[PDB]
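*Asks:* Dropping in work_10.cif, which is mmCIF, C-alpha atoms; chains and numbers go by the auth columns:
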data_structure
loop_
_atom_site.group_PDB
_atom_site.id
_atom_site.type_symbol
_atom_site.label_atom_id
_atom_site.label_comp_id
_atom_site.label_asym_id
_atom_site.label_seq_id
_atom_site.Cartn_x
_atom_site.Cartn_y
_atom_site.Cartn_z
_atom_site.B_iso_or_equiv
_atom_site.auth_seq_id
_atom_site.auth_asym_id
ATOM 1 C CA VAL A 1 -77.994 10.146 -82.554 0.00 2 A
ATOM 2 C CA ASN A 2 -75.576 12.674 -84.053 0.00 3 A
ATOM 3 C CA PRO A 3 -73.830 14.646 -81.269 0.00 4 A
ATOM 4 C CA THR A 4 -74.546 18.298 -80.560 0.00 5 A
ATOM 5 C CA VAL A 5 -71.759 20.510 -79.247 0.00 6 A
ATOM 6 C CA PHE A 6 -71.869 24.142 -78.167 0.00 7 A
ATOM 7 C CA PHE A 7 -69.502 27.088 -78.091 0.00 8 A
ATOM 8 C CA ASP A 8 -70.093 30.053 -75.781 0.00 9 A
ATOM 9 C CA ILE A 9 -68.501 33.023 -77.567 0.00 10 A
ATOM 10 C CA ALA A 10 -66.991 36.107 -75.963 0.00 11 A
ATOM 11 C CA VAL A 11 -65.768 39.391 -77.450 0.00 12 A
ATOM 12 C CA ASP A 12 -62.919 40.978 -75.487 0.00 13 A
ATOM 13 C CA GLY A 13 -64.100 38.846 -72.585 0.00 14 A
ATOM 14 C CA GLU A 14 -67.732 40.034 -72.780 0.00 15 A
ATOM 15 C CA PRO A 15 -70.343 37.328 -73.513 0.00 16 A
ATOM 16 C CA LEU A 16 -71.883 37.404 -77.002 0.00 17 A
ATOM 17 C CA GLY A 17 -73.937 34.217 -77.177 0.00 18 A
ATOM 18 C CA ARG A 18 -74.034 30.488 -77.825 0.00 19 A
ATOM 19 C CA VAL A 19 -73.667 28.543 -81.071 0.00 20 A
ATOM 20 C CA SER A 20 -74.522 24.856 -81.249 0.00 21 A
ATOM 21 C CA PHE A 21 -73.450 22.417 -83.947 0.00 22 A
ATOM 22 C CA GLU A 22 -74.715 19.104 -85.200 0.00 23 A
ATOM 23 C CA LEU A 23 -71.767 16.847 -86.010 0.00 24 A
ATOM 24 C CA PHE A 24 -72.395 14.351 -88.808 0.00 25 A
ATOM 25 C CA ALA A 25 -71.022 11.297 -87.037 0.00 26 A
ATOM 26 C CA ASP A 26 -73.180 9.079 -89.250 0.00 27 A
ATOM 27 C CA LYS A 27 -71.075 9.935 -92.312 0.00 28 A
ATOM 28 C CA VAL A 28 -67.683 11.221 -91.056 0.00 29 A
ATOM 29 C CA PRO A 29 -67.350 9.473 -87.675 0.00 30 A
ATOM 30 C CA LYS A 30 -63.595 9.953 -87.323 0.00 31 A
ATOM 31 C CA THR A 31 -63.712 13.666 -88.155 0.00 32 A
ATOM 32 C CA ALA A 32 -66.808 14.281 -86.040 0.00 33 A
ATOM 33 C CA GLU A 33 -65.260 12.530 -83.048 0.00 34 A
ATOM 34 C CA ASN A 34 -62.141 14.680 -83.202 0.00 35 A
ATOM 35 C CA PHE A 35 -64.210 17.885 -82.985 0.00 36 A
ATOM 36 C CA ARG A 36 -66.506 16.426 -80.315 0.00 37 A
ATOM 37 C CA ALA A 37 -63.637 15.398 -78.062 0.00 38 A
ATOM 38 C CA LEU A 38 -61.784 18.680 -78.541 0.00 39 A
ATOM 39 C CA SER A 39 -65.009 20.465 -77.540 0.00 40 A
ATOM 40 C CA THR A 40 -65.406 18.499 -74.291 0.00 41 A
ATOM 41 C CA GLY A 41 -61.693 18.522 -73.505 0.00 42 A
ATOM 42 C CA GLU A 42 -61.992 14.918 -72.336 0.00 43 A
ATOM 43 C CA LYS A 43 -58.567 13.955 -73.741 0.00 44 A
ATOM 44 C CA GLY A 44 -56.860 16.706 -71.727 0.00 45 A
ATOM 45 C CA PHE A 45 -56.705 19.407 -74.400 0.00 46 A
ATOM 46 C CA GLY A 46 -59.089 21.186 -76.734 0.00 47 A
ATOM 47 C CA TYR A 47 -60.907 24.330 -77.735 0.00 48 A
ATOM 48 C CA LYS A 48 -61.878 25.952 -74.421 0.00 49 A
ATOM 49 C CA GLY A 49 -60.252 29.371 -74.172 0.00 50 A
ATOM 50 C CA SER A 50 -58.984 29.383 -77.756 0.00 51 A
ATOM 51 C CA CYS A 51 -59.650 32.214 -80.205 0.00 52 A
ATOM 52 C CA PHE A 52 -61.008 32.694 -83.694 0.00 53 A
ATOM 53 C CA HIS A 53 -57.918 34.149 -85.341 0.00 54 A
ATOM 54 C CA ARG A 54 -59.211 34.818 -88.865 0.00 55 A
ATOM 55 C CA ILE A 55 -62.661 36.168 -89.795 0.00 56 A
ATOM 56 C CA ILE A 56 -63.477 37.297 -93.329 0.00 57 A
ATOM 57 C CA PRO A 57 -66.959 38.768 -93.702 0.00 58 A
ATOM 58 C CA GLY A 58 -68.826 37.152 -96.546 0.00 59 A
ATOM 59 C CA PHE A 59 -66.624 34.074 -96.420 0.00 60 A
ATOM 60 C CA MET A 60 -65.890 32.285 -93.110 0.00 61 A
ATOM 61 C CA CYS A 61 -64.826 32.305 -89.508 0.00 62 A
ATOM 62 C CA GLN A 62 -61.711 30.271 -88.720 0.00 63 A
ATOM 63 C CA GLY A 63 -60.648 28.846 -85.363 0.00 64 A
ATOM 64 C CA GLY A 64 -59.254 25.811 -83.620 0.00 65 A
ATOM 65 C CA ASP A 65 -55.586 26.762 -83.232 0.00 66 A
ATOM 66 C CA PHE A 66 -55.414 26.188 -79.505 0.00 67 A
ATOM 67 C CA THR A 67 -51.605 25.929 -79.313 0.00 68 A
ATOM 68 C CA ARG A 68 -50.355 28.980 -81.264 0.00 69 A
ATOM 69 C CA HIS A 69 -53.499 31.151 -81.616 0.00 70 A
ATOM 70 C CA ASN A 70 -52.666 32.300 -85.135 0.00 71 A
ATOM 71 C CA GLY A 71 -53.225 29.497 -87.652 0.00 72 A
ATOM 72 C CA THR A 72 -49.853 27.766 -87.344 0.00 73 A
ATOM 73 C CA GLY A 73 -50.772 25.293 -84.607 0.00 74 A
ATOM 74 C CA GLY A 74 -53.330 22.836 -83.318 0.00 75 A
ATOM 75 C CA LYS A 75 -53.397 19.045 -83.183 0.00 76 A
ATOM 76 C CA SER A 76 -55.987 16.304 -83.461 0.00 77 A
ATOM 77 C CA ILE A 77 -56.847 13.612 -80.935 0.00 78 A
ATOM 78 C CA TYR A 78 -55.176 11.103 -83.300 0.00 79 A
ATOM 79 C CA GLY A 79 -51.808 12.863 -83.562 0.00 80 A
ATOM 80 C CA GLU A 80 -50.493 15.928 -85.294 0.00 81 A
ATOM 81 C CA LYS A 81 -52.583 15.250 -88.401 0.00 82 A
ATOM 82 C CA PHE A 82 -55.021 12.722 -89.821 0.00 83 A
ATOM 83 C CA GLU A 83 -56.463 11.771 -93.187 0.00 84 A
ATOM 84 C CA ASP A 84 -59.236 13.211 -95.279 0.00 85 A
ATOM 85 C CA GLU A 85 -62.025 10.845 -94.272 0.00 86 A
ATOM 86 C CA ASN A 86 -64.352 11.380 -97.256 0.00 87 A
ATOM 87 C CA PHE A 87 -65.935 14.191 -99.277 0.00 88 A
ATOM 88 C CA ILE A 88 -69.555 13.005 -99.089 0.00 89 A
ATOM 89 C CA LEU A 89 -70.892 16.385 -97.944 0.00 90 A
ATOM 90 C CA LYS A 90 -70.650 19.647 -99.832 0.00 91 A
ATOM 91 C CA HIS A 91 -70.192 23.322 -98.984 0.00 92 A
ATOM 92 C CA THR A 92 -73.795 24.270 -99.671 0.00 93 A
ATOM 93 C CA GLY A 93 -74.193 27.606 -97.931 0.00 94 A
ATOM 94 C CA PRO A 94 -73.677 29.458 -94.669 0.00 95 A
ATOM 95 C CA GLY A 95 -73.360 27.552 -91.426 0.00 96 A
ATOM 96 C CA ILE A 96 -71.242 24.601 -92.578 0.00 97 A
ATOM 97 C CA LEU A 97 -68.372 23.258 -90.478 0.00 98 A
ATOM 98 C CA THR A 98 -65.424 22.179 -92.584 0.00 99 A
ATOM 99 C CA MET A 99 -61.857 21.246 -91.705 0.00 100 A
ATOM 100 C CA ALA A 100 -58.987 23.561 -92.433 0.00 101 A
ATOM 101 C CA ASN A 101 -55.903 21.885 -93.894 0.00 102 A
ATOM 102 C CA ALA A 102 -52.520 22.453 -95.524 0.00 103 A
ATOM 103 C CA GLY A 103 -52.740 19.880 -98.274 0.00 104 A
ATOM 104 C CA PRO A 104 -54.049 16.350 -98.646 0.00 105 A
ATOM 105 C CA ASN A 105 -54.438 14.378 -95.413 0.00 106 A
ATOM 106 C CA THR A 106 -53.309 17.166 -93.062 0.00 107 A
ATOM 107 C CA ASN A 107 -56.353 17.619 -90.813 0.00 108 A
ATOM 108 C CA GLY A 108 -55.596 18.825 -87.269 0.00 109 A
ATOM 109 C CA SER A 109 -57.866 20.901 -85.073 0.00 110 A
ATOM 110 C CA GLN A 110 -58.524 23.995 -87.186 0.00 111 A
ATOM 111 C CA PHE A 111 -61.887 24.504 -88.860 0.00 112 A
ATOM 112 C CA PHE A 112 -64.007 27.018 -90.751 0.00 113 A
ATOM 113 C CA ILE A 113 -67.584 28.049 -90.098 0.00 114 A
ATOM 114 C CA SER A 114 -68.837 29.219 -93.477 0.00 115 A
ATOM 115 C CA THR A 115 -70.871 32.392 -93.785 0.00 116 A
ATOM 116 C CA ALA A 116 -71.362 31.970 -97.547 0.00 117 A
ATOM 117 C CA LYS A 117 -71.584 29.166 -100.076 0.00 118 A
ATOM 118 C CA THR A 118 -67.968 28.063 -100.695 0.00 119 A
ATOM 119 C CA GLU A 119 -68.295 25.447 -103.412 0.00 120 A
ATOM 120 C CA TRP A 120 -64.658 25.689 -104.511 0.00 121 A
ATOM 121 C CA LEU A 121 -63.741 23.826 -101.316 0.00 122 A
ATOM 122 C CA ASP A 122 -65.747 20.741 -102.350 0.00 123 A
ATOM 123 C CA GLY A 123 -63.525 17.669 -102.553 0.00 124 A
ATOM 124 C CA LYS A 124 -60.624 19.423 -100.789 0.00 125 A
ATOM 125 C CA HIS A 125 -61.960 20.184 -97.283 0.00 126 A
ATOM 126 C CA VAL A 126 -63.877 17.627 -95.194 0.00 127 A
ATOM 127 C CA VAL A 127 -67.372 18.875 -94.261 0.00 128 A
ATOM 128 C CA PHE A 128 -68.438 17.353 -90.943 0.00 129 A
ATOM 129 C CA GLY A 129 -71.140 19.469 -89.278 0.00 130 A
ATOM 130 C CA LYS A 130 -73.509 22.409 -89.384 0.00 131 A
ATOM 131 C CA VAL A 131 -74.740 25.229 -87.173 0.00 132 A
ATOM 132 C CA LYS A 132 -77.970 24.072 -85.482 0.00 133 A
ATOM 133 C CA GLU A 133 -78.724 27.049 -83.207 0.00 134 A
ATOM 134 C CA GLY A 134 -77.181 30.487 -83.035 0.00 135 A
ATOM 135 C CA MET A 135 -76.409 31.316 -86.635 0.00 136 A
ATOM 136 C CA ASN A 136 -77.271 34.864 -85.562 0.00 137 A
ATOM 137 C CA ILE A 137 -74.285 34.681 -83.207 0.00 138 A
ATOM 138 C CA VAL A 138 -71.988 33.635 -86.081 0.00 139 A
ATOM 139 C CA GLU A 139 -73.359 36.612 -88.012 0.00 140 A
ATOM 140 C CA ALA A 140 -72.528 38.857 -85.064 0.00 141 A
ATOM 141 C CA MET A 141 -68.955 37.454 -84.926 0.00 142 A
ATOM 142 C CA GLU A 142 -68.510 38.165 -88.603 0.00 143 A
ATOM 143 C CA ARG A 143 -68.855 41.896 -87.960 0.00 144 A
ATOM 144 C CA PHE A 144 -65.550 41.825 -86.024 0.00 145 A
ATOM 145 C CA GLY A 145 -63.667 40.545 -89.062 0.00 146 A
ATOM 146 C CA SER A 146 -62.033 42.358 -91.937 0.00 147 A
ATOM 147 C CA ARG A 147 -60.955 41.817 -95.519 0.00 148 A
ATOM 148 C CA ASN A 148 -57.519 40.482 -94.603 0.00 149 A
ATOM 149 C CA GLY A 149 -59.000 38.400 -91.763 0.00 150 A
ATOM 150 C CA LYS A 150 -57.656 40.291 -88.742 0.00 151 A
ATOM 151 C CA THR A 151 -60.231 40.730 -85.990 0.00 152 A
ATOM 152 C CA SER A 152 -60.906 44.121 -84.416 0.00 153 A
ATOM 153 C CA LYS A 153 -61.654 42.504 -81.045 0.00 154 A
ATOM 154 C CA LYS A 154 -60.517 39.221 -79.520 0.00 155 A
ATOM 155 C CA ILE A 155 -63.134 36.526 -80.224 0.00 156 A
ATOM 156 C CA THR A 156 -62.823 33.532 -77.907 0.00 157 A
ATOM 157 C CA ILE A 157 -64.495 30.243 -77.048 0.00 158 A
ATOM 158 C CA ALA A 158 -65.189 31.017 -73.403 0.00 159 A
ATOM 159 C CA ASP A 159 -66.792 27.604 -72.791 0.00 160 A
ATOM 160 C CA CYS A 160 -67.661 24.589 -74.893 0.00 161 A
ATOM 161 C CA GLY A 161 -68.976 21.110 -74.461 0.00 162 A
ATOM 162 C CA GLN A 162 -71.539 18.566 -75.495 0.00 163 A
ATOM 163 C CA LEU A 163 -75.282 19.104 -75.188 0.00 164 A
ATOM 164 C CA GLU A 164 -76.391 15.649 -76.343 0.00 165 A
#
Show me, as structure tokens, the structure contained in the file I just sent.

*Replies:*
Amino acid sequence: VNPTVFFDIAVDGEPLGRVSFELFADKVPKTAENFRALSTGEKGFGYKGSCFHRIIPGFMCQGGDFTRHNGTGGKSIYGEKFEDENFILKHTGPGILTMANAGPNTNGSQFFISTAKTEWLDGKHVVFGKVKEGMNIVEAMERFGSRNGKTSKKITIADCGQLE
């Protein structure tokens, strides 16, 4: 019942592999729907062609800024920002999807994929999905990051959509 979405990742335009996510629509339906719709592009905008602008090995991959490509942009399907829906789910380990934000109730389109347990984010960032297939591809992406987050190659979402 929970939706599955996929990202096809490229590295300087060269295919790397696919990552699929389960979105926890049962518990955070508003947050899950935003990511789902941005992945299909069905509202006329979304993640296809956008880059991961910040990757910190041993911490997370960050993406979703499809308007400014650097962490200063993005928007949700509900407007420029929407509310923290709940904090039911926790940052338990690698492979968690969690919203990036700039304070309370400032969710847009940016997100983190964790590559470590990040428990200090509990109750501040809204967890809304997990990596289902392709965690090995997230691990491969992580190798193009650096301590300050700058990527050594351009990591893009070459295609994305819904699998079920």

*Asks:* Around all of segment 68-77 of chain A's listed atoms, make the axis-aligned box with 8 Å on each side and tell me centre and edge lengths in Å to one decimal, as lines of an AutoDock Vina configuration file.

*Replies:*
center_x = -52.9
center_y = 24.3
center_z = -83.5
size_x = 22.1
size_y = 32.0
size_z = 24.3

*Asks:* Which is closer to residue 140 of chain A than all the others in A:103, A:62, A:122, A:29, using all atoms listed in the file?

*Replies:*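 That would be A:62, the residue with the smallest distance to residue 140 of chain A.
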
*Asks:* Rounded to one decimal in Å, what is the spacing between atom CA of residue 20 of chain A and atom CA of residue 104 of chain A?

*Replies:* 28.4 Å

*Asks:* Just the number, please: distance in Å from atom CA of residue 100 of chain A to atom CA of residue 160 of chain A, one decimal.

*Replies:* 20.6 Å

*Asks:* Go through the shown structure with the PyMOL selection byres ((chain A and resi 113-115) around 6) and write out the matching residues as a list in words.

*Replies:*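 For this structure, the PyMOL selection byres ((chain A and resi 113-115) around 6) captures residues 61, 62, 63, 95, 96, 97, 98, 99, 112, 116 and 117 of chain A.
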
*Asks:* Go ahead and dump the residues you just picked, C-alpha atoms, as a PDB file, keeping the file's coordinate frame.

*Replies:*
ATOM      1  CA  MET A  61     -65.890  32.285 -93.110  1.00  0.00           C
ATOM      2  CA  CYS A  62     -64.826  32.305 -89.508  1.00  0.00           C
ATOM      3  CA  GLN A  63     -61.711  30.271 -88.720  1.00  0.00           C
ATOM      4  CA  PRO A  95     -73.677  29.458 -94.669  1.00  0.00           C
ATOM      5  CA  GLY A  96     -73.360  27.552 -91.426  1.00  0.00           C
ATOM      6  CA  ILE A  97     -71.242  24.601 -92.578  1.00  0.00           C
ATOM      7  CA  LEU A  98     -68.372  23.258 -90.478  1.00  0.00           C
ATOM      8  CA  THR A  99     -65.424  22.179 -92.584  1.00  0.00           C
ATOM      9  CA  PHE A 112     -61.887  24.504 -88.860  1.00  0.00           C
ATOM     10  CA  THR A 116     -70.871  32.392 -93.785  1.00  0.00           C
ATOM     11  CA  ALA A 117     -71.362  31.970 -97.547  1.00  0.00           C
TER      12      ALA A 117
END

*Asks:* Given the PyMOL selection byres ((chain A and resi 106) around 7) and the file above, list the residues it selects as a ChimeraX atom specification.

*Replies:* /A:83-85,104-105,107-108

*Asks:* With distances taken over all atoms listed in the file, which of A:154, A:133, A:148, A:54 is nearest to residue 23 of chain A?

*Replies:*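 Selected residue with least distance to residue 23 of chain A: A:133.
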
*Asks:* Nearest to residue 48 of chain A: which of A:151, A:76, A:126, A:31 is it, counting all atoms listed in the file?

*Replies:*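 Ranking A:151, A:76, A:126, A:31 by distance to residue 48 of chain A, first place goes to A:76.
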
*Asks:* Name the closest residue to residue 89 of chain A among the candidates A:124, A:40, A:118, A:11; distances are taken between atoms, counting only C-alpha atoms.

*Replies:*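 The shortest atom-to-atom distance to residue 89 of chain A comes from A:124.
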
*Asks:* Do a neighbour search on residue 158 of chain A at 7 Å with only C-alpha atoms, toss out local chain neighbours closer than 2 positions, and write the hits as a PDB file with C-alpha atoms, in the coordinates of the input.

*Replies:*
ATOM      1  CA  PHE A   8     -69.502  27.088 -78.091  1.00  0.00           C
ATOM      2  CA  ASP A   9     -70.093  30.053 -75.781  1.00  0.00           C
ATOM      3  CA  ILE A  10     -68.501  33.023 -77.567  1.00  0.00           C
ATOM      4  CA  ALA A  11     -66.991  36.107 -75.963  1.00  0.00           C
ATOM      5  CA  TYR A  48     -60.907  24.330 -77.735  1.00  0.00           C
ATOM      6  CA  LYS A  49     -61.878  25.952 -74.421  1.00  0.00           C
ATOM      7  CA  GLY A  50     -60.252  29.371 -74.172  1.00  0.00           C
ATOM      8  CA  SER A  51     -58.984  29.383 -77.756  1.00  0.00           C
ATOM      9  CA  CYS A  52     -59.650  32.214 -80.205  1.00  0.00           C
ATOM     10  CA  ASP A 160     -66.792  27.604 -72.791  1.00  0.00           C
ATOM     11  CA  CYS A 161     -67.661  24.589 -74.893  1.00  0.00           C
TER      12      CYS A 161
END

*Asks:* Taking only C-alpha atoms into account, which of A:163, A:142, A:134, A:72 comes nearest residue 19 of chain A?

*Replies:*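 Of the candidates, the smallest distance to residue 19 of chain A is held by A:134.
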
*Asks:* Go through A:139, A:46, A:131, A:119 and flag the residue nearest residue 60 of chain A, using all atoms listed in the file for the distances.

*Replies:*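 That would be A:119, the residue with the smallest distance to residue 60 of chain A.
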
*Asks:* Work out how far apart atom CA of residue 135 of chain A and atom CA of residue 18 of chain A are and give it in Å to one decimal.

*Replies:* 7.7 Å

*Asks:* Written as JSON, numbers by chain, what is the full residue list that the PyMOL selection byres ((chain A and resi 58) around 6) yields on the file shown?

*Replies:* {"A": [57, 59, 60, 143, 146]}

*Asks:* I want to know what sits within 9 Å of residue 30 of chain A, based on all atoms listed in the file, with residues of the same chain fewer than 5 positions away left out; could you give that as a PyMOL selection string?

*Replies:* chain A and resi 24-25+35+86+129

*Asks:* Can I get the selection written as a PDB file, keeping the file's coordinate frame, with C-alpha atoms?

*Replies:*
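Just written: selection36.pdb:
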ATOM      1  CA  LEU A  24     -71.767  16.847 -86.010  1.00  0.00           C
ATOM      2  CA  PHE A  25     -72.395  14.351 -88.808  1.00  0.00           C
ATOM      3  CA  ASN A  35     -62.141  14.680 -83.202  1.00  0.00           C
ATOM      4  CA  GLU A  86     -62.025  10.845 -94.272  1.00  0.00           C
ATOM      5  CA  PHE A 129     -68.438  17.353 -90.943  1.00  0.00           C
TER       6      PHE A 129
END

*Asks:* As a list in words, please: the residues near residue 47 of chain A (cut-off 10 Å, all atoms listed in the file, same-chain neighbours under 5 positions excluded).

*Replies:*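 So, after excluding close chain neighbours, the residues are residues 35, 36, 37, 38, 39, 40, 41, 42, 65, 66, 67, 68, 75, 76, 77, 78, 110 and 161 of chain A.
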
*Asks:* Rebuild N, CA, C and O atoms on segment 42-63 of chain A, as a short mmCIF file (atom, residue, chain, number, x, y, z; two decimals), in the coordinates of the input?

*Replies:*
data_model
loop_
_atom_site.label_atom_id
_atom_site.label_comp_id
_atom_site.auth_asym_id
_atom_site.auth_seq_id
_atom_site.Cartn_x
_atom_site.Cartn_y
_atom_site.Cartn_z
N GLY A 42 -62.98 18.53 -74.16
CA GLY A 42 -61.69 18.52 -73.50
C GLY A 42 -61.35 17.22 -72.83
O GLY A 42 -60.36 17.17 -72.10
N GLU A 43 -62.10 16.16 -73.11
CA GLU A 43 -61.99 14.92 -72.34
C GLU A 43 -60.66 14.21 -72.52
O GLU A 43 -60.32 13.37 -71.68
N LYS A 44 -59.90 14.52 -73.56
CA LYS A 44 -58.57 13.96 -73.74
C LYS A 44 -57.48 14.78 -73.07
O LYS A 44 -56.31 14.43 -73.16
N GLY A 45 -57.84 15.88 -72.40
CA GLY A 45 -56.86 16.71 -71.73
C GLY A 45 -56.43 17.95 -72.47
O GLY A 45 -55.59 18.70 -71.95
N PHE A 46 -56.98 18.20 -73.65
CA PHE A 46 -56.70 19.41 -74.40
C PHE A 46 -57.93 19.68 -75.26
O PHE A 46 -58.79 18.81 -75.43
N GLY A 47 -57.99 20.87 -75.83
CA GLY A 47 -59.09 21.19 -76.73
C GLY A 47 -59.35 22.68 -76.86
O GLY A 47 -58.47 23.51 -76.64
N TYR A 48 -60.57 23.00 -77.24
CA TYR A 48 -60.91 24.33 -77.74
C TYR A 48 -61.19 25.37 -76.65
O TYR A 48 -61.18 26.57 -76.96
N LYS A 49 -61.48 24.97 -75.42
CA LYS A 49 -61.88 25.95 -74.42
C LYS A 49 -60.78 26.97 -74.21
O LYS A 49 -59.62 26.61 -73.94
N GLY A 50 -61.14 28.25 -74.34
CA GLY A 50 -60.25 29.37 -74.17
C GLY A 50 -59.52 29.81 -75.42
O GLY A 50 -58.83 30.83 -75.38
N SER A 51 -59.67 29.07 -76.51
CA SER A 51 -58.98 29.38 -77.76
C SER A 51 -59.76 30.43 -78.55
O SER A 51 -60.95 30.65 -78.33
N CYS A 52 -59.06 31.10 -79.47
CA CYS A 52 -59.65 32.21 -80.20
C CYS A 52 -59.91 31.87 -81.66
O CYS A 52 -59.35 30.92 -82.22
N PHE A 53 -60.83 32.63 -82.25
CA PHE A 53 -61.01 32.69 -83.69
C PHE A 53 -60.02 33.73 -84.22
O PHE A 53 -60.17 34.92 -83.96
N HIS A 54 -59.01 33.27 -84.95
CA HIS A 54 -57.92 34.15 -85.34
C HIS A 54 -58.10 34.79 -86.70
O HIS A 54 -57.39 35.74 -87.02
N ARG A 55 -59.03 34.29 -87.52
CA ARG A 55 -59.21 34.82 -88.86
C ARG A 55 -60.70 34.83 -89.17
O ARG A 55 -61.35 33.79 -89.11
N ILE A 56 -61.25 36.02 -89.45
CA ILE A 56 -62.66 36.17 -89.80
C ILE A 56 -62.74 37.07 -91.01
O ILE A 56 -62.24 38.20 -91.00
N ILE A 57 -63.37 36.57 -92.07
CA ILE A 57 -63.48 37.30 -93.33
C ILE A 57 -64.96 37.43 -93.63
O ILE A 57 -65.60 36.44 -94.01
N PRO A 58 -65.54 38.61 -93.45
CA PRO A 58 -66.96 38.77 -93.70
C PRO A 58 -67.31 38.41 -95.13
O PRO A 58 -66.61 38.77 -96.08
N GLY A 59 -68.39 37.66 -95.27
CA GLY A 59 -68.83 37.15 -96.55
C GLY A 59 -68.11 35.90 -96.98
O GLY A 59 -68.24 35.51 -98.14
N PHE A 60 -67.34 35.30 -96.09
CA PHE A 60 -66.62 34.07 -96.42
C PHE A 60 -66.68 33.07 -95.26
O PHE A 60 -67.43 32.09 -95.35
N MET A 61 -65.91 33.27 -94.19
CA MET A 61 -65.89 32.28 -93.11
C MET A 61 -65.30 32.89 -91.84
O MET A 61 -64.76 34.00 -91.83
N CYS A 62 -65.55 32.17 -90.76
CA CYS A 62 -64.83 32.30 -89.51
C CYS A 62 -63.90 31.12 -89.35
O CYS A 62 -64.29 29.97 -89.60
N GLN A 63 -62.67 31.36 -88.92
CA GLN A 63 -61.71 30.27 -88.72
C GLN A 63 -61.21 30.24 -87.28
O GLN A 63 -60.79 31.26 -86.74
#
